[PDB]
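All remarks here apply to the structure that follows.
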Amino acid sequence: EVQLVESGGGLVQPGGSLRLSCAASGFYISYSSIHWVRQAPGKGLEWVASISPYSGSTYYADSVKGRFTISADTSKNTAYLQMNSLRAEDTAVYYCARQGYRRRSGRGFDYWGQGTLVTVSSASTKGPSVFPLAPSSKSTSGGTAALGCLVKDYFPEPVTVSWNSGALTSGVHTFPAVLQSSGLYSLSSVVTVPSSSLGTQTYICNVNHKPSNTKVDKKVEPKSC
Amino acid sequence: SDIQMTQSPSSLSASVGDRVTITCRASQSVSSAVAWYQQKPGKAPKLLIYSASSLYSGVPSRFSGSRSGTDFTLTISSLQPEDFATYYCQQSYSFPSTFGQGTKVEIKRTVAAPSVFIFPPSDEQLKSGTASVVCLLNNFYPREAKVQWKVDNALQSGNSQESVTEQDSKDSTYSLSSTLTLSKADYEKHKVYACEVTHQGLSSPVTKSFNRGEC
RNA sequence: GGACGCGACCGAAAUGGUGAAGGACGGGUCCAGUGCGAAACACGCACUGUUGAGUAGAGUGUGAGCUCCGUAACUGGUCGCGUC
Ligand SMILES: CC1=N/C(=C\c2cccc(Br)c2)C(=O)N1C
Ligand SMILES: [K+]
Ligand SMILES: [Mg+2]
């Protein structure tokens with residue numbers, strides 16, 4: 001029944017501003033402390049800010065003090081994080097969490113939202129180029145063949161990849177994106193298949209990058225050579 | 001002074017059914033205001049323990065917490081398949097709050113050598129001015145692996161990037177992709193492109209290569 | 001000897017003034033800690049702490065007691081005198 005939904009995340013340039021929302025349901029935030037916690041990709045949890053009940057006292061992590069402002073609108077049962085003077089290292093998934101009721105959960109955060117991604121970068125939004133990773137002319141190495149798609153130079157995160165509209169799932173590996181020195185992301189999706197049906201079976205990678213209106217399907221076939 | 005929560009180990013390998021313990025050590029007294037969380041890839045953290053030693057409602061009792069001064073431990077008496085994830089400690093004795101750096105708990109299994117594939121850049125990417133060369137290490141264990149790029153037998157450095165998948169939910173292996181990035185001009189100045197893989201499961205180093213013009 | 005009556009002295013409940021005492025005279029308040037109120041701070045309650053706190057009070061008590069100077073009910077005591 002209890003639920004927290006954060007929104008307002010997205011792409012912002014350094015020095016820019018951004019306001020996150022934390023919509024509570026199944027409970028009333030006025031009776032709880034509400035917290036903001038963030039997680040840079042591949043990194044641990046970092047406590048950001050909190051606001052106390054009845055007093056409205058606010059506390060902030062040193063790394064965001066003077067830049068961030070936490071607040072709450074009981075009329076909408078929503079909490080907010082106003083972020084000013086944003087920096088590259090502010091890039092993270094932002095969670096809002098409810099501090100539980102002292103008698104039942106102490107000071108533990110018993111409920112978390114799914115999180116909203118904030119990307120701070122001077123890079124422009126850009127759809128990816130999808131290139132084929134063709135199955136080799138050779139037919140060995142594992143008893144099967146390997147193929148895939150290179151999803152290069154998109155921004156920002158995230159992107160989705162499927163194969164044959166979701167019909168092909170087995171033996172699929174979609175790797176975590178990498179941030180290139182250009183400021184753009186890049187990743188690969190590969191799948192191992194029986195080398196005996198390479199020219200027969202159809203293999204299409206389905207790439208969707210919502211932030212750029214870029215949805216692409218690429219057929220991957222053995223190169224002519 | 002900010003209160004430090006020094007968590008260890010940073011990573012941990014264990015078999016299903018094993019008894020494991022994770023430690024967080026505070027830099028000063030945090031009383032008993034310590035919580036433990038479980039987090040799985042792409043999901044929000046979940047509360048396990050509060051007040052150092054109290055089991056949060058609905059959490060299985062194989063999870064336990066204890067306090068020994070300013071040292072705090074999370075113990076899983078007998079790991080189950082769904083228990084493999086990352087765990088974080090947190091002090092909430094005073095502001096600002098502090099999370100531990102976390103501990104990733106991964107599943108142990110028999111050594112598995114990687115299957116290695118190399119992919120030359122597509123002709124479509126080449127007409128763009130950039131050449132991406134991809135090397136795949138498929139389904140191996142343990143996670144530790146070494147990928148080297150050779151161009152005409154010259155060791156590359158600083159011009160490639162790696163990415164590794166989460167431990168697989170079925171075979172508990174890892175996969176890895178390395179991408180060598182070159183200008184179209186530099187790419188066409190050389191012939192033999194290779195990546196040499198070294199892994200514990202390999203009887204010896206494995207080289208996958210192609211010649212630029214041939215395929 | 002005793003009783004009644006008057007006076008003095010002593011004693012005395014009560015009471016006004018006075019000035020030293022700080023926690024072993026207290027209460028109030030503040031502070032620290034812990035728990036509780038949907039509650040980490042702020043607000044309120046409960047518990048704990050004076051090797052937590054001014055006897056210049058920092059009290060919409062400086063309250064009780066005491067030190068010291070008075071008024072004083074009267075059941076008291078003693079002495080003198082008058083009378084029986
Ligand atoms: C300074 C001070 N101390 C007080 C009370 C108190 C009570 C018991 C022991 C001690 Br020490 C002090 C008080 O009320 N104040 C203003
Ligand atoms: K007092
Ligand atoms: Mg209080």
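Just so we're on the same page: letters track the sequence lines, and every chain starts at 1. Hydrogens, waters and symmetry mates are skipped; everything else that's a heavy atom, side chains included, is used.
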Q) Is it true that atom CZ of B:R62 has more than 12 heavy atoms of other residues, nucleotides or ligands lying nearer than 6.0 Å? A) yes
Q. Which dot-bracket notation, 5' to 3', represents the base pairing of RNA chain C when pairs are defined as Watson-Crick or G-U with both distances under 3.5 Å, crossing pairs as [ ], and inter-strand pairs as |?
A. .((((((((((..(((..(.....(...(((((((((.....)))))))..)).........)..)..)))..).)))))))))
Q: Tell me which of A:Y31 and A:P53 sits closer to the 5' end of RNA chain C, going by the nucleotide each one is nearest to.
A: A:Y31
Q | Pairwise 5' ranking along RNA chain C for A:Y54 and A:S57, keeping only the more 5' one | A | A:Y54
Q. Just by the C1'-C2'-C3'-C4' torsion, is C:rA53 north or south?
A. south
Q.
Say we look at C:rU50 and C:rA24: how far apart would their P atoms be, to the nearest angstrom?
A. 9 Å
Can you give each donor-acceptor pair under 3.5 Å made by side-chain atoms of residues 41-55 of chain A, sequence neighbours left out, with the distance rounded to 0.1 Å?
unit_1: A:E46; atom_1: OE1; unit_2: A:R38; atom_2: NE; d: 3.0
unit_1: A:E46; atom_1: OE1; unit_2: A:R38; atom_2: NH2; d: 3.3
unit_1: A:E46; atom_1: OE2; unit_2: A:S63; atom_2: OG; d: 3.1
unit_1: A:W47; atom_1: NE1; unit_2: A:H35; atom_2: ND1; d: 3.0
unit_1: A:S55; atom_1: OG; unit_2: A:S57; atom_2: N; d: 3.0
unit_1: A:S55; atom_1: OG; unit_2: A:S57; atom_2: OG; d: 3.2

**Q.** Interatomic distance at P, C:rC74 relative to C:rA8, whole Å
**A.** 14 Å
Q. Is it the case that more than 12 heavy atoms not belonging to A:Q82 sit under 6.0 Å from its CD atom?
A. yes
Q. Could one point to a donor on the side chain of A:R102 or the base of C:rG37 with an acceptor on the other under 3.5 Å away?
A. yes
**Q.** Atom pair OG/CD of B:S97 and A:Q99 - distance to nearest 0.5 Å
**A.** 9.0 Å
Q: Would you check if the side chain of B:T103 reaches a backbone N or O of B:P9 as a donor-acceptor pair within less than 3.5 Å?
A: yes
